[PDB]
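Quick look at model.cif (mmCIF, C-alpha atoms (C1' of nucleotides)):
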data_final
#
loop_
_atom_site.label_atom_id
_atom_site.label_comp_id
_atom_site.auth_asym_id
_atom_site.auth_seq_id
_atom_site.Cartn_x
_atom_site.Cartn_y
_atom_site.Cartn_z
CA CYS A 2026 2.79 -19.52 28.35
CA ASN A 2027 6.36 -18.20 28.54
CA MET A 2028 7.15 -19.98 25.25
CA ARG A 2029 3.91 -18.65 23.69
CA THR A 2030 4.21 -14.87 24.31
CA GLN A 2031 6.66 -12.42 25.95
CA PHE A 2032 5.70 -9.26 27.92
CA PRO A 2033 8.00 -6.58 29.51
CA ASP A 2034 9.62 -7.79 32.73
CA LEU A 2035 8.72 -4.56 34.59
CA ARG A 2036 12.43 -3.87 35.13
CA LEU A 2037 12.54 -1.45 32.20
CA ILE A 2038 9.81 0.81 33.62
CA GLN A 2039 12.35 2.13 36.13
CA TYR A 2040 15.43 1.69 33.94
CA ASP A 2041 14.08 3.61 30.93
CA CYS A 2042 13.30 6.62 33.16
CA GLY A 2043 16.11 8.12 35.23
CA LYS A 2044 13.83 10.23 37.41
CA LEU A 2045 12.03 7.05 38.50
CA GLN A 2046 15.31 5.60 39.78
CA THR A 2047 15.88 8.47 42.21
CA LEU A 2048 12.20 8.24 43.15
CA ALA A 2049 12.66 4.55 43.97
CA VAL A 2050 15.79 5.30 46.01
CA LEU A 2051 13.93 8.04 47.89
CA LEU A 2052 10.68 6.20 48.64
CA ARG A 2053 12.72 3.25 49.92
CA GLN A 2054 14.38 5.34 52.63
CA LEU A 2055 11.16 7.23 53.37
CA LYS A 2056 9.33 3.95 53.99
CA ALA A 2057 12.24 2.55 56.01
CA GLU A 2058 11.90 5.64 58.23
CA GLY A 2059 8.12 5.22 58.47
CA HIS A 2060 7.02 8.26 56.45
CA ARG A 2061 4.10 8.57 54.04
CA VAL A 2062 4.53 10.37 50.72
CA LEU A 2063 2.27 12.48 48.52
CA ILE A 2064 3.28 12.29 44.85
CA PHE A 2065 1.99 15.14 42.68
CA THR A 2066 1.83 15.19 38.88
CA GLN A 2067 0.26 17.48 36.33
CA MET A 2068 -0.29 14.59 33.96
CA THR A 2069 -2.89 11.88 34.67
CA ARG A 2070 -1.39 9.51 32.08
CA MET A 2071 1.84 9.79 34.08
CA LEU A 2072 -0.04 8.32 37.04
CA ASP A 2073 -0.39 5.05 35.11
"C1'" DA B 1 -59.17 -37.49 -66.41
"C1'" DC B 2 -56.39 -34.14 -69.34
"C1'" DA B 3 -54.38 -30.40 -72.17
"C1'" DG B 4 -54.21 -25.80 -72.23
"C1'" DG B 5 -55.73 -20.95 -71.05
"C1'" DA B 6 -56.55 -17.33 -67.21
"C1'" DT B 7 -55.11 -15.42 -63.60
"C1'" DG B 8 -50.84 -14.61 -58.91
"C1'" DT B 9 -46.63 -14.36 -56.94
"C1'" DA B 10 -42.46 -14.47 -55.19
"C1'" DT B 11 -38.24 -13.49 -57.95
"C1'" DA B 12 -34.77 -10.67 -60.26
"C1'" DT B 13 -33.62 -6.22 -62.57
"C1'" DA B 14 -33.36 -1.15 -63.54
"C1'" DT B 15 -34.54 3.00 -61.44
"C1'" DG B 16 -35.33 6.90 -56.80
"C1'" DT B 17 -33.08 9.32 -51.73
"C1'" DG B 18 -29.34 9.86 -48.61
"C1'" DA B 19 -25.25 10.20 -46.85
"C1'" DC B 20 -20.43 9.87 -47.25
"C1'" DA B 21 -16.22 11.33 -49.76
"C1'" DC B 22 -14.08 14.72 -53.20
"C1'" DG B 23 -13.02 18.81 -55.21
"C1'" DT B 24 -12.45 24.07 -55.46
"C1'" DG B 25 -11.97 28.92 -53.53
"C1'" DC B 26 -11.99 32.60 -49.67
"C1'" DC B 27 -12.12 33.52 -45.21
"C1'" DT B 28 -9.83 32.63 -40.84
"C1'" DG B 29 -5.34 30.99 -38.71
"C1'" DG B 30 -1.03 31.23 -38.83
"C1'" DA B 31 3.18 33.67 -38.85
"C1'" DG B 32 6.04 37.83 -37.51
"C1'" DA B 33 7.68 42.32 -35.28
"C1'" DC B 34 6.80 45.89 -31.44
"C1'" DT B 35 5.04 47.62 -26.76
"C1'" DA B 36 3.07 47.65 -22.73
"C1'" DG B 37 0.91 45.54 -18.19
"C1'" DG B 38 0.18 41.92 -16.05
"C1'" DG B 39 1.70 38.84 -13.17
"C1'" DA B 40 5.34 36.37 -10.79
"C1'" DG B 41 8.42 36.68 -7.08
"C1'" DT B 42 10.55 38.01 -2.84
"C1'" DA B 43 10.30 41.01 1.08
"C1'" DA B 44 7.80 43.18 4.83
"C1'" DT B 45 3.74 43.89 8.17
"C1'" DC B 46 -0.25 42.57 11.38
"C1'" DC B 47 -2.92 39.77 12.92
"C1'" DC B 48 -4.30 37.21 17.02
"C1'" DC B 49 -3.78 33.06 17.19
"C1'" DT B 50 -1.24 28.58 18.42
"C1'" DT B 51 -1.29 22.81 21.30
"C1'" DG B 52 -1.19 19.15 25.11
"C1'" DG B 53 -2.53 17.66 28.73
"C1'" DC B 54 -5.73 18.21 32.26
"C1'" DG B 55 -9.11 19.91 36.06
"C1'" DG B 56 -13.91 21.68 36.65
"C1'" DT B 57 -19.05 22.47 35.93
"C1'" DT B 58 -23.29 22.83 33.82
"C1'" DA B 59 -26.70 21.69 30.69
"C1'" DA B 60 -27.55 18.86 26.01
"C1'" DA B 61 -27.58 14.10 25.23
"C1'" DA B 62 -28.11 9.72 26.35
"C1'" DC B 63 -31.08 6.23 28.27
"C1'" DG B 64 -35.40 3.73 30.61
"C1'" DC B 65 -40.11 2.99 30.42
"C1'" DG B 66 -44.56 3.16 30.04
"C1'" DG B 67 -48.17 3.30 26.84
"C1'" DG B 68 -51.04 5.01 23.51
"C1'" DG B 69 -52.49 5.93 19.10
"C1'" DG B 70 -50.79 5.17 14.73
"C1'" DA B 71 -48.81 2.11 10.88
"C1'" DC B 72 -50.28 -2.00 8.57
"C1'" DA B 73 -52.63 -5.57 6.65
"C1'" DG B 74 -57.27 -7.97 5.75
"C1'" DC B 75 -62.22 -7.50 4.15
"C1'" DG B 76 -65.35 -5.86 1.47
"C1'" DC B 77 -67.45 -3.57 -2.07
"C1'" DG B 78 -68.66 -0.42 -5.42
"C1'" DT B 79 -67.28 2.61 -8.62
"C1'" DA B 80 -64.39 3.01 -12.47
"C1'" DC B 81 -60.81 2.36 -15.65
"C1'" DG B 82 -59.16 -0.56 -19.43
"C1'" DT B 83 -60.68 -3.49 -22.97
"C1'" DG B 84 -62.81 -4.16 -27.70
"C1'" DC B 85 -65.64 -2.12 -31.39
"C1'" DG B 86 -68.03 0.17 -34.60
"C1'" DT B 87 -68.07 4.91 -36.23
"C1'" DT B 88 -66.32 9.45 -38.24
"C1'" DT B 89 -63.30 12.82 -37.52
"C1'" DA B 90 -59.48 15.12 -38.99
"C1'" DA B 91 -54.44 14.52 -39.10
"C1'" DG B 92 -51.14 14.40 -42.78
"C1'" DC B 93 -48.75 13.45 -46.86
"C1'" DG B 94 -48.45 15.80 -51.21
"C1'" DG B 95 -49.49 19.23 -53.92
"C1'" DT B 96 -50.01 24.19 -55.51
"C1'" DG B 97 -49.18 28.98 -55.07
"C1'" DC B 98 -48.57 34.07 -53.06
"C1'" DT B 99 -46.06 37.17 -50.01
"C1'" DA B 100 -44.09 38.75 -45.75
"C1'" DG B 101 -39.99 39.11 -44.13
"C1'" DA B 102 -35.29 37.12 -43.10
"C1'" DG B 103 -31.01 37.93 -44.59
"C1'" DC B 104 -28.07 40.67 -46.53
"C1'" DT B 105 -25.15 44.83 -48.39
"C1'" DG B 106 -23.86 49.20 -48.07
"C1'" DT B 107 -23.34 54.01 -45.85
"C1'" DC B 108 -22.51 56.95 -42.50
"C1'" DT B 109 -23.32 59.12 -38.60
"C1'" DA B 110 -23.91 59.57 -33.39
"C1'" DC B 111 -21.92 57.05 -29.99
"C1'" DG B 112 -18.97 55.09 -27.25
"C1'" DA B 113 -14.14 54.86 -25.79
"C1'" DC B 114 -10.12 56.67 -23.71
"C1'" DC B 115 -8.06 60.61 -21.11
"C1'" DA B 116 -6.39 64.14 -18.59
"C1'" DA B 117 -7.80 67.03 -15.77
"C1'" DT B 118 -10.86 67.89 -11.52
"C1'" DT B 119 -13.22 67.10 -7.07
"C1'" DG B 120 -16.83 65.44 -4.09
"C1'" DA B 121 -18.79 61.19 -2.93
"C1'" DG B 122 -17.92 57.56 -0.14
"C1'" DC B 123 -15.20 54.94 2.92
"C1'" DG B 124 -13.03 54.13 7.24
"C1'" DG B 125 -12.48 55.80 12.07
"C1'" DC B 126 -14.39 57.05 16.38
"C1'" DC B 127 -18.48 58.29 19.79
"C1'" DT B 128 -22.83 58.02 21.50
"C1'" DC B 129 -26.91 56.23 23.13
"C1'" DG B 130 -31.81 54.55 21.89
"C1'" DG B 131 -33.41 50.08 20.99
"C1'" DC B 132 -33.90 45.35 21.35
"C1'" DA B 133 -33.06 41.59 24.75
"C1'" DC B 134 -34.02 39.72 29.10
"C1'" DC B 135 -36.37 40.03 34.28
"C1'" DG B 136 -40.18 40.08 36.77
"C1'" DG B 137 -44.14 39.66 37.54
"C1'" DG B 138 -49.19 39.26 36.60
"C1'" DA B 139 -52.78 38.06 34.56
"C1'" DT B 140 -54.72 35.08 30.65
"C1'" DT B 141 -55.14 30.82 27.85
"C1'" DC B 142 -54.73 26.47 26.29
"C1'" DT B 143 -54.40 21.20 27.72
"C1'" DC B 144 -56.25 17.41 30.31
"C1'" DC B 145 -58.72 14.85 33.06
"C1'" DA B 146 -62.60 14.08 35.56
"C1'" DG B 147 -66.49 13.88 35.94
#
Transcribe the structure of this file into structure tokens.
Amino acid sequence: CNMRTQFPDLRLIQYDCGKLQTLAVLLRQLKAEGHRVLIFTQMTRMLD
DNA sequence: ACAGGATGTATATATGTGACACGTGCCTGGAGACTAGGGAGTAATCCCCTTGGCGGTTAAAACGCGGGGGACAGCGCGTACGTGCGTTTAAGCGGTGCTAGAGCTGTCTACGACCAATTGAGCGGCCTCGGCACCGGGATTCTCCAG
């Protein structure tokens, strides 16, 4: 399978978007503290 | 049975239409010099819109299903239309044989065309408000069993 085809390794989703890096850093601490977050977007495609 | 005349018949040759190619002349293009006016070419204005992505809400589609009542084919059958035929009717293919009546040429006006005025339609800009458009019934009037 790996030799047949190659798909993104899901590391670039966060790397290719700076604002997602700070979001990752924030949600990590917020979950370590036991909080629950509500993430709002205007775009629905952005939800994907 | 045959040797030759008495008729046919395609065969080859000189004479009738047509249609292309040629050869003159006379109109219609071509060539040229002016004079706008038209159109190109920016440069400004006024529209009223512009797009992506997305959330919401209502009705117009979109779909399911039953079922009915029509779309098809088969059967049959009885006109009825084509298929010959014998008749006869009249087109038509050439003729003659006039005359309207196109087609033209010329002549000469009334009749357009500018055209510069003159000015009153007519066109846009607002205002107003009856007149259609829709509500709300209330009768009526079809449609469909159902007997």
Nearest to chain A, chosen from B:54, B:49, B:1, B:80, with only C-alpha atoms (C1' of nucleotides) counted in the distances: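 Among the listed residues, B:54 lies closest to chain A.
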Mind dumping a table of every stretch 14-118 of chain B residue within 12 Å of stretch 2060-2069 of chain A, with the nearest atom pair and its distance in Å to one decimal, using all atoms listed in the file, sorted by chain and rising number, as a tab-separated table?
residue	atom	partner	partner_atom	distance
B:52	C1'	A:2068	CA	10.0
B:53	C1'	A:2068	CA	6.5
B:54	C1'	A:2068	CA	6.8
B:55	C1'	A:2067	CA	9.7
Restricted to C-alpha atoms (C1' of nucleotides), what would the selected residues look like written as a PDB file, in the coordinates of the input?
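Resulting contents of selection_0.pdb:
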ATOM      1  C1'  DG B  52      -1.190  19.150  25.110  1.00  0.00           C
ATOM      2  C1'  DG B  53      -2.530  17.660  28.730  1.00  0.00           C
ATOM      3  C1'  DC B  54      -5.730  18.210  32.260  1.00  0.00           C
ATOM      4  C1'  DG B  55      -9.110  19.910  36.060  1.00  0.00           C
TER       5       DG B  55
END
One decimal, Å: what's the distance from atom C1' of residue B:35 over to atom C1' of residue B:114, could you say?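 Separating atom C1' of residue B:35 from atom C1' of residue B:114 is a distance of 17.9 Å.
Atom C1' of residue B:16 is positioned 19.0 Å from atom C1' of residue B:95.
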